[PDB]
Amino acid sequence: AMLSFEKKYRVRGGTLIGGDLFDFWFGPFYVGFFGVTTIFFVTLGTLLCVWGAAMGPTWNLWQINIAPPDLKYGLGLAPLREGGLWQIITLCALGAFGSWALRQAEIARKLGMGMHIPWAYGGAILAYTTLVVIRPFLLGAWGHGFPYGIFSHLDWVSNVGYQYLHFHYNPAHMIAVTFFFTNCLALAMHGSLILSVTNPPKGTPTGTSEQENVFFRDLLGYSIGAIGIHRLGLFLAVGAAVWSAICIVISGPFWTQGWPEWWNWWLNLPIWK
Amino acid sequence: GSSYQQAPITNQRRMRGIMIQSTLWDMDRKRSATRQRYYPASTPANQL
Amino acid sequence: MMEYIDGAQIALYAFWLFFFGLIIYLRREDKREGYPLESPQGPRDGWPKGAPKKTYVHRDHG
Amino acid sequence: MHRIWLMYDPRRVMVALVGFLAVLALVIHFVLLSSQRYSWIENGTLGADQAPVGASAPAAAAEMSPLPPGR
Amino acid sequence: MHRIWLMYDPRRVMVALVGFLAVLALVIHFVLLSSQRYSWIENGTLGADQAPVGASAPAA
Amino acid sequence: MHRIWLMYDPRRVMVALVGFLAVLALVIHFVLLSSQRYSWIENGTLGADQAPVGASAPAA
Amino acid sequence: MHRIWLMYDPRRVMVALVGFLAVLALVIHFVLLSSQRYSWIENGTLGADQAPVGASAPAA
Amino acid sequence: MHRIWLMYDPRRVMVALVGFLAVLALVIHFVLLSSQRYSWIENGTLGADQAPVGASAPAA
Amino acid sequence: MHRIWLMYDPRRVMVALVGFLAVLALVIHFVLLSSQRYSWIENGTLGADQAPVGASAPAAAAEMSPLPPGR
Amino acid sequence: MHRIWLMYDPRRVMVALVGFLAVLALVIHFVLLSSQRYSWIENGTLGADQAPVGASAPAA
Amino acid sequence: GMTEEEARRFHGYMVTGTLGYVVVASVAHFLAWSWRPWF
Amino acid sequence: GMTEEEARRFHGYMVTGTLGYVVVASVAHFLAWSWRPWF
Amino acid sequence: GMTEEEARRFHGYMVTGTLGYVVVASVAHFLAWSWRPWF
Amino acid sequence: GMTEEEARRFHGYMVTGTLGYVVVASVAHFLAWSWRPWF
Amino acid sequence: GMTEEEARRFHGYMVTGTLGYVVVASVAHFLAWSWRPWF
Amino acid sequence: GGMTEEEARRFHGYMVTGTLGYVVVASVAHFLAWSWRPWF
Amino acid sequence: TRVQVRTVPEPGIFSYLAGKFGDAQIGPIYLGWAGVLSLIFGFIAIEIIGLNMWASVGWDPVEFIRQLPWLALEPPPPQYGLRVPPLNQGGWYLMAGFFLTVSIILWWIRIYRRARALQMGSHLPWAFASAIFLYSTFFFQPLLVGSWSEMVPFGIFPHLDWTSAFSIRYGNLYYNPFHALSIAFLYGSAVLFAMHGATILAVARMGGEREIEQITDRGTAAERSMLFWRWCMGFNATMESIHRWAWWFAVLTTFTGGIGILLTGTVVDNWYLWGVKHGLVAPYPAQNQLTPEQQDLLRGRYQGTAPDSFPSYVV
Ligand SMILES: CCCCCCCCCCCCCC(=O)OC[C@H](COP(=O)(O)OCC(O)COP(=O)(O)OC[C@@H](COC(=O)CCCCCCCCCCCCC)OC(=O)CCCCCCCCCCCCC)OC(=O)CCCCCCCCCCCCC
Ligand SMILES: CCCCCCCCCCCCCC(=O)OC[C@H](COP(=O)(O)OCC(O)COP(=O)(O)OC[C@@H](COC(=O)CCCCCCCCCCCCC)OC(=O)CCCCCCCCCCCCC)OC(=O)CCCCCCCCCCCCC
Ligand code: BCL
Ligand code: BCL
Ligand SMILES: CC[C@H]1c2cc3[nH]c4c(c3C)C(=O)[C@H](C(=O)OC)c4c3nc(cc4[nH]c(cc(n2)[C@@H]1C)c(C(C)=O)c4C)[C@@H](C)[C@@H]3CCC(=O)OC/C=C(\C)CCC[C@H](C)CCC[C@H](C)CCCC(C)C
Ligand SMILES: COC(C)(C)C/C=C/C(C)=C/C=C/C(C=O)=C/C=C/C(C)=C/C=C/C=C(C)/C=C/C=C(\C)CC/C=C(C)/C=C/C=C(\C)C(=O)O
Ligand SMILES: COC(C)(C)C/C=C/C(C)=C/C=C/C(C=O)=C/C=C/C(C)=C/C=C/C=C(C)/C=C/C=C(\C)CC/C=C(C)/C=C/C=C(\C)C(=O)O
Ligand SMILES: COC(C)(C)C/C=C/C(C)=C/C=C/C(C)=C/C=C/C(C)=C/C=C\C=C(C)\C=C\C=C(C)\C=C\C=C(C)\C=C\CC(C)(C)OC
Ligand SMILES: CCCCCCCCCCCCO[C@@H]1O[C@H](CO)[C@@H](O[C@H]2O[C@H](CO)[C@@H](O)[C@H](O)[C@H]2O)[C@H](O)[C@H]1O
Ligand SMILES: CCCCCCCCCCCCO[C@@H]1O[C@H](CO)[C@@H](O[C@H]2O[C@H](CO)[C@@H](O)[C@H](O)[C@H]2O)[C@H](O)[C@H]1O
Ligand SMILES: CCCCCCCCCCCCO[C@@H]1O[C@H](CO)[C@@H](O[C@H]2O[C@H](CO)[C@@H](O)[C@H](O)[C@H]2O)[C@H](O)[C@H]1O
Ligand SMILES: CCCCCCCCCCCCO[C@@H]1O[C@H](CO)[C@@H](O[C@H]2O[C@H](CO)[C@@H](O)[C@H](O)[C@H]2O)[C@H](O)[C@H]1O
Ligand SMILES: [Fe+3]
């Protein structure tokens with residue numbers, strides 16, 4: 001099925017690899033060559049996850065836990081039951097996530113859009129790749145990756161934080177949190193302003209750009225403009241993920257003490273040492 | 001404890017934050033800042 | 001008294017019922033443009049059925 | 001002196017004045033209510049020679065304890 | 001004094017006044033309820049001589 | 001007194017009043033249900049002189 | 001000397017002055033109230049001969 | 001030297017100067033107030049021969 | 001050398017210069033104030049011979065076995 | 001060699017030069033002030049033989 | 001808006017409702033007082 | 001806005017309603033003071 | 001804004017209200033002093 | 001902005017109000033010093 | 001926009017106010033010195 | 001616009017004199033500081 | 001870029017209009033009576049916090065800047081419960097908390113009045129009300145457990161110390177399901193604003209950033225936005241309704257958060273054990289095993305009062 005205006009847009013072209021061979025739709029979904037590779041990696045990775053659940057102690061959704069290997073295996077592929085299965089799923093995940101970004105680029109090219117969405121999603125892939133590839137590689141063992149399990153990965157996050165005694169003191173973590181919190185405020189603010197001009201109180205004319213500009217200026221003391229708020233939202237949301245990637249990659253590869261004692265440099269500035 | 005006995009004022013911390021001894025004072029050993037950690041002595045004028 | 005039932009579990013299922021109710025509401029709003037769908041077998045509404053097209057009135061300067 | 005109301009809009013001044021008097025009165029009442037000598041809700045019935053004097057020590061109470069018994 | 005209602009719309013003042021009095025009453029009731037002497041829900045049936053009193057002057 | 005209904009829309013006043021009374025009634029019932037003396041769901045059948053009373057003055 | 005008020009708007013200078021003095025008065029009262037010698041709400045009735053002094057007692 | 005006021009608007013200069021002087025004076029007073037020797041609110045009555053002095057050389 | 005003031009605005013260089021000198025003067029005073037030898041607000045009344053001096057090389061084996069402080 | 005000032009504007013370079021020298025000078029002074037050997041504010045009056053020296057090789 | 005005749009009409013019901021509510025509350029309080037006095 | 005005679009009329013209700021409310025609060029304090037005086 | 005004679009009128013009430021408020025505050029302080037002096 | 005005589009009138013009030021406030025503060029310090037000298 | 005006449009006039013006050021400020025600060029320093037010398 | 005060369009000479013003459021006068025009082029400040037507590 | 005226009009007379013019919021949109025004054029940043037009072041009350045709250053922080057380093061202005069992120073205005077001691085505490089032991093804390101709370105509520109009123117004056121829907125004050133709800137649970141949960149000592153200290157690192165210790169005291173907040181939901185909406189808010197910001201910038205060439213026009217008179221920029229997401233993930237919003245998804249994901253972050261805090265210490269005291277009860281906790285092989293004598297030997301005591309004496313041990 002198609003949107004009432006859609007058929008007009010379903011032209012050939014804008015693909016990156018496959019030419020016309022995969023340049024077709026399946027229901028709403030565009031396929032393309034990276035659609036094919038997406039579904040391959042999605043299916044393989046999901047069935048290996050289900051296999052990891054089957055050989056694990058329970059089928060309870062919350063408790064399933066496909067763990068990485070022991071650190072003794074270093075950068076080798078461990079035995080599959082000992083964590084090598086986690087390593088195969090991680091390759092499938094990278095294949096799926098990369099294929100998804102490239103498929104989005106084909107869709108944007110076909111519609112004459114800018115590449116902003118693929119590159120924005122690249123910020124999330126960067127953070128994932130930092131957690132399971134880059135930081136484990138710098139530490140020298142794939143066993144530093146997080147386990148695949150809805151709550152067991154929260155046990156990993158907990159224990160990684162306390163490896164540095166008081167992870168709130170991580171300076172890049174403070175920035176990343178500030179981006180996440182500022183993003184959520186900005187989303188509430190922008191969402192509310194658009195809705196409140198397009199849905200005024202009953203018996204009132206539909207609002208205008210000028211009204212949301214006036215109100216926004218009362219809120220922040222400056223007018224951001226229509227493109228500016230979308231630049232801001234993209235900057236905040238993606239900047240949050242980039243600072244998240246930084247905050248975890250410095251923990252271990254570069255800093256190994258408690259995070260509180262990192263602040264010793266500030267106490268020792270020569271103006272007040 | 002059954003009842004509370006106040007410490008001498010020179011043993012009372014100016015900073016009431018509970019973790020300060022681990023988060024700051026383990027690493028900070030500047031002399032002036034170390035002096036500010038407790039209240040100074042205080043005596044009724046007639047006892048001097 | 002009830003051992004397994006507790007207030008945090010009660011509150012959570014109350015949230016789930018609200019939340020699925022909200023997803024249904026949002027998907028109705030998502031269908032105010034572009035629907036009903038065209039198809040070879042005729043028009044299609046999907047689910048939930050969309051809210052109607054919405055007409056806007058603009059401030060009269062006359 | 002009346003020309004002050006020609007320099008400042010009295011409609012603006014009165015809101016600031018009421019606000020200033022409100023915060024000032026509330027600060028002073030909370031200060032006294034937290035004092036030993038003037039915590040009048042608990043101790044207002046004490047006579048003047050029975051009321052605390054000189055209780056200026058910064059840690060008059062234990063800082064660290066369990067919560068009071070729940071029931 | 002009635003000309004104050006030419007500076008301030010009494011429609012607006014009356015709502016602000018009612019809101020201020022509601023908050024003030026709630027604060028005063030809550031301050032008393034969380035006291036020892038006036039925790040009237042648990043202890044309101046005590047006679048005036050049975051009600052709690054704060055500590056006298058220490059170190060007499 | 002009736003002219004207050006010309007100053008304010010009765011639709012908004014009644015919504016405001018119902019909202020206020022609903023919140024206030026719910027608060028007071030929860031304050032009592034949390035208390036010891038008035039936790040009526042568990043202890044409502046106790047006689048008045050067997051219901052909890054808060055601490056009196058430290059006479060000893 | 002009055003031409004200072006041709007150079008600056010007195011409507012702003014007075015607000016700045018009043019705000020500065022209000023904050024300064026608050027700071028000084030807070031500093032004194034935080035001291036031992038001038039903790040006047042607790043100890044204001046002490047005579048100056050027995051008010052606190054920031055010195056250690058002789059010979060302990 | 002008065003031609004300097006042709007090069008700089010005294011409206012700008014005096015606001016900057018008054019701001020600088022006020023901040024500097026406050027910093028100096030608080031640096032003194034937090035020292036041992038000049039904590040005058042607690043110890044201002046002492047008299048110079050018995051005010052504190054920072055420790056002489058460890059080699060003593 | 002005066003032609004430097006054709007090259008740069010003589011109005012703006014003065015603001016840059018005074019700003020620099022003020023920051024440098026403050027920095028040097030606060031560096032000194034935090035030191036031990038020049039903590040002049042506490043120890044300014046000491047004579048130069050009795051002012052503090054930083055630690056010195058032992059000028060010896062740095063090895064001679066200790067003796068206890070006399071009881 | 002003065003033809004180099006037909007390529008590069010003196011206005012741009014002399015600012016960049018002063019900036020670089022000021023930063024470099026300040027970095028070196030603080031590096032030295034943080035060392036044991038050259039902590040001259042505390043130890044500047046020590047003779048050269050008295051000043052600290054880093055640890056030698058034991059070779060044994 | 002509203003007419004002053006409508007306001008006079010509405011006020012009569014609003015006062016009667018308020019009185020009825022206060023009466024029901026007064027019985028509720030006296031029942032509660034009889035069961036477990038708070039003074 | 002308001003005419004002066006309309007402001008004049010409102011002011012009468014406003015003063016009387018204020019003083020009435022202060023009278024009721026005065027009686028509530030008489031009752032509270034009798035039950036458990038605070039000085 | 002406001003005319004001068006209109007400012008004169010308003011000022012008279014501000015003076016009167018301030019004086020009345022300071023009077024009530026003075027009685028409040030002398031009651032408080034007689035109950036529990038702070039010097 | 002202001003005329004020169006209008007500034008001259010304001011300056012009269014501004015100076016006299018400043019010196020009045022300094023006089024009140026002077027007596028406040030006289031009373032504080034009599035109660036508890038700080039030197 | 002200063003004229004040279006206004007600049008001359010203003011400078012006389014600026015010098016005078018600076019001298020008054022320095023004089024008061026000089027008395028304040030000598031009071032402080034005679035109470036508690038810092039060298 | 002810019003600076004005329006006779007103004008630049010006037011400005012330079014002040015600027016150099018002011019700079020040197022500042023250095024002179026700083027010289028006396030170091031003379032006093034050194035005689036109170038020398039740093040070498 | 002780098003061909004900016006500059007408008008000398010007033011835009012809105014750089015510079016800004018002085019005028020009216022009906023009841024709404026244009027020009028100055030709007031305060032009104034509620035905004036002015038909010039700033040007065042909030043200023044006093046900020047002053048009380050800062051003066052207490054500065055007093056805690058003995059008024060030393062160098063230490064005030066040097067130690068600033070470690071400084072705290074700290075809640076009352078636990079044994080006071082809900083009673084008024086001494087001024088130096090949390091009395092200033094409760095006073096600053098009161099004025100801050102009033103200031104926040106007056107700011108909400110200021111925003112609510114301004115939305116109505118501009119003839120706008122009420123969406124923004126109800127979004128702000130969700131944030132205020134979470135804030136208020138840092139009062140109501142200490143109230144429900146019965147002690148102001150449980151409140152959040154005012155201070156940069158100190159309030160993060162509290163945040164960690166709260167999770168420790170209540171047995172790991174990761175297993176609180178409303179905390180888990182609140183995180184899902186926090187992450188979802190970043191997902192949505194990344195997706196939406198990138199979408200509108202990707203069609204900005206076609207006038208897609210003029211969202212109100214695209215809502216009232218659907219252009220090709222809206223159609224391409226809808227088709228991108230439909231072709232990518234199989235379903236799409238509209239130019240209006242994407243702002244409803246945005247609004248609800250932001251609002252549900254603090255709303256579900258507040259419920260999670262109110263439940264903690266009142267209904268559940270150990271969230272990990274609640275997780276075990278309800279089947280959330282993944283099993284791991286045992287790292288140690290206690291003998292029955294060790295189960296008695298290794299139980300501790302609950303933490304008590306600090307020692308109020310300096311014992312001599314004269315022996
Ligand atoms: C429902 C009654 C009870 C209600 C109470 C409980 C549920 C409440 C939610 C109800 C939501 C609506 C469900 C529904 O029927 O939708 C039909 C519609 C399809 O589009 P349409 O416009 O409506 O219809 C057109 C179509 O009918 C005709 O066109 P065509 O013939 O070309 O279409 C092919 C069809 C075939 O239809 C299907 O296959 C339906 C598939 C539904 C899958 C739902 C799975 C949910 C469980 C997953 C468990 C996990 C499995 C791994 O259409 C399609 O091709 C499907 C396009 C949608 C693809 C959805 C992809 C996944 C969406 C997210 C999944 C959840 C992630 C947490 O599909 C959608 O819109 C689905 C996505 C919308 C919801 C996204 C919500 C995400 C919330 C994330 C926050 C979570 C925080 C905790
Ligand atoms: C546990 C929570 C902790 C937390 C507890 C605290 C939470 C408090 C939250 C309160 C939020 C209310 C928001 C609001 O009302 O905004 C609009 C309005 C201004 O509106 P405008 O558009 O700018 O101006 C026009 C205005 O007149 C509104 O006109 P509208 O067309 O909407 O029509 C009427 C009102 C409804 O009005 C009334 O009901 C007034 C009835 C007056 C009757 C007078 C007596 C007559 C004799 C009796 C006859 C016999 C029959 C009765 O429109 C509305 O629907 C808005 C709400 C009105 C109610 C205001 C709130 C009062 C209740 C507060 C409850 C507190 C909590 C229980 O704002 C205001 O006027 C100010 C609101 C009150 C703020 C008080 C100041 C804040 C506290 C400061 C504390 C200082 C230290 C102690
Ligand atoms: C426009 C005037 C000229 C000038 C003209 C003279 C003249 C003429 C003489 C000096 C002399 C001296 N000048 Mg010169 N001098 C100027 C600027 C300076 C500056 C500076 C920071 O710019 C400094 C540090 C000095 C310093 C000095 C001394 C080294 C020296 C001895 C007198 C003294 O103690 O003066 C103390 C004063 C200061 C440190 C600062 C103020 C300088 C004033 C404006 C100079 C004029 C007053 C003059 C000294 C009065 C006595 C001599 C008269 C001919 C009667 N001058 C300016 C640029 N100077 C004398 C000398 O060399 O004697 C052997 C001398 O005869
Ligand atoms: C060891 C630490 C604990 C932990 C302890 C807590 C605690 C404790 C809390 C949270 C809460 C939250 N945590 Mg958690 N949290 C941990 C791990 C995580 C991780 C992670 C990757 O590990 C993440 C992503 C999160 C994420 C989150 C958020 C979803 C949630 C806050 C929502 C919000 O917007 O708050 C930010 C928004 C606000 C605080 C609202 C503020 C609104 C007011 C009105 C603003 C007023 C401003 C004022 C006027 C300005 C002047 C102020 C003066 C200067 C003083 N937590 C671990 C398990 N977390 C909160 C929650 O909801 O829990 C259920 C909470 O209370
Ligand atoms: C949906 C959930 C998210 C959310 C939403 C949200 N927050 C909001 C809003 C919304 C929708 C607003 O509309 C509101 C706002 O105004 O935004 C600009 C607000 C707001 N969110 C804020 C903060 C905030 N939000 C946070 C979080 C969140 N906000 C969530 C993530 C956080 C975090 C993560 O901790 C913070 C810190 C504020 C910026 C703002 C509310 C401002 C407010 O209430 O201010 C009260 C007043 C003061 C603090 C006093 C200031 C005092 C001055 C500095 C003194 C200057 C002197 C003065 C002039 C003296 C007086 C003289 C008088 C005569 C004037
Ligand atoms: C830590 O230290 C701590 C412990 C805190 C200690 C330190 C405390 C400190 C620093 C205190 C400072 C106090 C202070 C200053 O600074 C205090 C200054 C107080 C002042 C100035 C009070 C003034 C009050 C004035 C009032 C009430 C006026 C009321 C007027 C009324 C009623 C009439 C209104 C007009 C009408 C009706 C006419 C309309 C006619 C119209 C329209 C017409 O006619 O047209
Ligand atoms: C750790 O170190 C630590 C401990 C911190 C150590 C410290 C170290 C340091 C680095 C200290 C630095 C100090 C310093 C500089 O550097 C200090 C510099 C101070 C200065 C410059 C003070 C100057 C004051 C001048 C004043 C008050 C002038 C007032 C003028 C008035 C009133 C008149 C106004 C005009 C009128 C009336 C006429 C209008 C007519 C008009 C308009 C017309 O006619 O048109
Ligand atoms: C001279 O001026 C100076 C220089 C001092 C000004 C400078 C000030 C500075 C530098 C201030 C710095 C402030 C900082 C850094 C503040 C940091 C604050 C942070 C990070 C706070 C974080 C969280 C705080 C929370 C959640 C607090 C919540 C408190 C609440 C909800 C309290 C509510 C209290 C209520 C409602 C009522 C109390 C009174 C009752 C009713 C109980 O009666 C007694
Ligand atoms: C418009 C103004 C409205 C408010 C006016 C208030 C005016 C108050 C004036 C206070 C005058 C105090 O008057 C009197 O001062 C003397 C010293 O002079 C004090 O004297 C006593 O205390 C001081 C200080 O502890 C001792 O040093 C002294 O030896 C002792 O006699 C008295 O205790 C006081 O009664
Ligand atoms: C606010 C009134 C409601 C009762 C409040 C509690 C007080 C109880 C005593 C009420 C006694 C009667 O109170 C009195 O009522 C009359 C009308 O009847 C009001 O009268 C007011 O309106 C009338 C017109 O309607 C004007 O002509 C008059 O000048 C004005 O004062 C008075 O302002 C009030 O003082
Ligand atoms: C509590 C007592 C101590 C504090 C006293 C505070 C109030 C000041 C006391 C003196 C009062 C008289 O003070 C004097 O008032 C007159 C107006 O009357 C001011 O006069 C000012 O305005 C008038 C016009 O009204 C101008 O013509 C005049 O040139 C100008 O100076 C004077 O500048 C001021 O010096
Ligand atoms: C607080 C200070 C205490 C320490 C002492 C400081 C001493 C300062 C020395 C100031 C000497 C001024 O001496 C001299 O003044 C004249 C004007 O009078 C300036 O003269 C300047 O302007 C004139 C025009 O008027 C130009 O022709 C000349 O080329 C130019 O230099 C000089 O640049 C300065 O050298
Ligand atoms: Fe948008």
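Ligands are counted one by one from 1 in listed order, and the atoms in each one are counted from 1 as well. Residue numbers start from 1 in every chain, and the chains themselves are labelled A, B, ... in the order their sequence lines are given, proteins ahead of strands. Only this structure's heavy atoms are used, side chains among them; waters, hydrogens and symmetry mates stay out.
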*Asks:* How far is atom 12 (C) of ligand 7 from the closest protein heavy atom, and which atom is that?
*Replies:*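 Protein heavy atom at minimum distance: H:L24 CD2, 3.9 Å.
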
*Asks:* Give a yes or no answer on whether the side chain of A:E212 reaches the backbone of A:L193 with a donor-acceptor pair at less than 3.5 Å.
*Replies:*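 Not confirmed, A:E212 side chain does not pair with A:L193 backbone.
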
*Asks:* Would a line drawn from the ring center of Q:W54 to the ring center of H:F30 be shorter than 6.0 Å?
*Replies:*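 For Q:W54 and H:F30, the ring centres are under 6.0 Å apart.
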
*Asks:* Which is closest to atom 27 (C) of ligand 7 by heavy-atom distance: H:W5, O:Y21, I:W40?
*Replies:*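 It is O:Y21 whose heavy atom sits nearest to atom 27 (C) of ligand 7.
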
*Asks:* Would you mind listing which atoms of ligand 3 come within a distance below 4.0 Å of any non-hydrogen atom of P:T17?
*Replies:*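 What qualifies from ligand 3 is 22 (O).
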
*Asks:* If you count the atoms of ligand 7 from 1 in the order shown, which ones are under 4.0 Å from a heavy atom of O:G17?
*Replies:*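 Close to O:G17: 28 (C), 29 (C), 30 (C).
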
*Asks:* Does H:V18 approach ligand 7 within less than 4.0 angstrom via side chain, backbone, both or neither, non-hydrogen atoms only?
*Replies:*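 It is neither part, as no heavy atom is under 4.0 Å.
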
*Asks:* Just need the protein heavy atom nearest to atom 6 (C) of ligand 7, so name the residue and atom and give the distance.
*Replies:*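 So the nearest neighbour among protein heavy atoms is I:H29 CD2, 4.1 Å.
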
*Asks:* Can a side-chain donor-acceptor contact be found between C:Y25 and Q:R244 if the only test is distance below 3.5 angstrom?
*Replies:*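 The answer is yes; a qualifying pair exists.
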
*Asks:* Scan the protein's non-hydrogen atoms and note whether one is under 4.0 Å from atom 33 (C) of ligand 7.
*Replies:*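 There is a protein heavy atom less than 4.0 Å from atom 33 (C) of ligand 7.
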
*Asks:* For atom 36 (C) of ligand 7, which of H:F20, O:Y13, H:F30, G:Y8 has the closest heavy atom?
*Replies:*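 Considering heavy atoms of H:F20, O:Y13, H:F30, G:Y8, the nearest to atom 36 (C) of ligand 7 sits in O:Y13.
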
*Asks:* Can you tell me, to 10 degrees, how wide the angle at the Fe ion (ligand 13) is between OE1 on Q:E211 and NE2 on A:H190?
*Replies:*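 Result: 90°, to 10°.
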
*Asks:* How about Q:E209: does one of its N, O or S atoms come closer than 2.8 Å to the Fe ion (ligand 13)?
*Replies:*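 Checking Q:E209: none of its N, O or S atoms is under 2.8 Å.
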
*Asks:* Nearest heavy-atom pair of A:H230 and A:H190: which atoms, and what distance?
*Replies:*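 That would be NE2-NE2, 3.3 Å.
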
*Asks:* Under 3.5 Å, is there a donor on one side chain and an acceptor on the other for H:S39 and Q:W59?
*Replies:*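 There is no such pair between these side chains.
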
*Asks:* Do any nitrogen or oxygen atoms of G:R3 come within less than 3.5 Å of a nitrogen or oxygen of ligand 7?
*Replies:*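 There is no such contact.
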
*Asks:* Spell out, as yes or no, whether a donor-acceptor pair under 3.5 Å connects the side chain of B:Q36 to the backbone of Q:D60.
*Replies:*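 No; zero donor-acceptor contacts below 3.5 Å.
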
*Asks:* Considering only protein heavy atoms, determine whether one is less than 4.0 Å from atom 8 (C) of ligand 3.
*Replies:*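 For atom 8 (C) of ligand 3 the answer is no, since every protein heavy atom stays at 4.0 Å or beyond.
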
*Asks:* Using a strict 4.0 Å cut-off to heavy atoms of P:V24, name the atoms of ligand 3 that fall inside it.
*Replies:*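 Reading through ligand 3 atom by atom, the close ones are 24 (C).
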
*Asks:* Look at atom 39 (C) of ligand 7 and find which of G:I4, H:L17, O:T18 reaches it with the closest heavy atom.
*Replies:*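 When every heavy atom of G:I4, H:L17, O:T18 is considered, G:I4 comes closest to atom 39 (C) of ligand 7.
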
*Asks:* Touching ligand 7 at all, H:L21? Heavy atoms, strictly under 4.0 Å?
*Replies:*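 Distance cut 4.0 Å: H:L21 passes for ligand 7.
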
*Asks:* Do any heavy atoms of H:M14 fall under 4.0 Å from ligand 7?
*Replies:*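 So H:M14 counts as touching ligand 7.
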
*Asks:* Identify which one of Q:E211, Q:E223, Q:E213 satisfies the salt bridge (charged side-chain N to carboxylate O under 4.0 Å, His left out) criterion when paired with Q:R218.
*Replies:*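 When salt bridge (charged side-chain N to carboxylate O under 4.0 Å, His left out) is applied between Q:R218 and each of Q:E211, Q:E223, Q:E213, only Q:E223 qualifies.
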
*Asks:* Check each atom of ligand 3 against the heavy atoms of P:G21 and keep those under 4.0 Å away; list them by number with element.
*Replies:*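 Taking each heavy atom of P:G21 in turn, ligand 3 has 21 (C) under 4.0 Å.
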
*Asks:* Under the 4.0 Å line, does any protein heavy atom show up next to atom 27 (C) of ligand 3?
*Replies:*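 It does not: no protein heavy atom is found less than 4.0 Å away from atom 27 (C) of ligand 3.
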
*Asks:* Would you check if the side chain of I:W40 reaches a backbone N or O of I:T45 as a donor-acceptor pair within less than 3.5 Å?
*Replies:*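 Such a contact is absent between I:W40 side chain and I:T45 backbone.
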
*Asks:* What protein heavy atom sits nearest atom 5 (C) of ligand 7, and how far off is it?
*Replies:*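 Here the closest protein heavy atom is H:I28 CG1, 4.0 Å.
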
*Asks:* Does CZ in A:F235 sit with more than 12 non-hydrogen atoms of other residues, nucleotides or ligands closer than 6.0 Å?
*Replies:*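 At most 12 heavy atoms, drawn from other residues, nucleotides or ligands, come within 6.0 Å of this atom.
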
*Asks:* Does some non-hydrogen atom of the protein lie less than 4.0 angstrom from atom 22 (O) of ligand 3?
*Replies:*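 Within 4.0 Å: yes, protein heavy atom nearby.
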
*Asks:* Just by distance, with hydrogens left out, do A:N199 and C:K54 show a side-chain donor and acceptor under 3.5 Å apart?
*Replies:*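 C:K54 and A:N199 do have a side-chain donor-acceptor pair below 3.5 Å.
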
*Asks:* Rounding to 10°, state the angle centred on the Fe ion (ligand 13) that links NE2 in Q:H196 with NE2 in Q:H243.
*Replies:*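 Vertex the Fe ion (ligand 13), arms to NE2 of Q:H196 and NE2 of Q:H243: 100°.
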
*Asks:* Looking at every heavy atom in both Q:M226 and Q:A237, which two are closest together, and how far apart are they?
*Replies:*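 Scanning both residues, the minimum pair turns out to be CG-O, 3.6 Å.
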
*Asks:* Looking only at the side chains, is there a donor atom on one of O:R36 and H:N43 sitting less than 3.5 Å from an acceptor on the other?
*Replies:*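 There is such a pair between these side chains.
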
*Asks:* Do the side-chain N and O atoms of Q:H123 and Q:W247 include a donor-acceptor pair separated by under 3.5 angstrom?
*Replies:*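 Q:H123 vs Q:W247: no donor-acceptor pair found between side chains.
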
*Asks:* I need the atoms of ligand 7 closer than 4.0 Å to a non-hydrogen atom of G:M7, numbered in the order shown.
*Replies:*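 Listed by number with element: 42 (C).
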
*Asks:* Please could you name the atoms of ligand 7 that I:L26 approaches to less than 4.0 Å, counting only its heavy atoms?
*Replies:*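 The list of qualifying atoms is 10 (C).
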
*Asks:* Going by atom types only, do C:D30 and Q:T238 share a side-chain donor-acceptor pair under 3.5 Å?
*Replies:*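 Distance-only check fails for C:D30 and Q:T238.
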
*Asks:* Side chain, backbone, both or neither: which part of O:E6 has a heavy atom under 4.0 Å from ligand 7?
*Replies:*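 It is neither; nothing of O:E6 touches ligand 7.
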
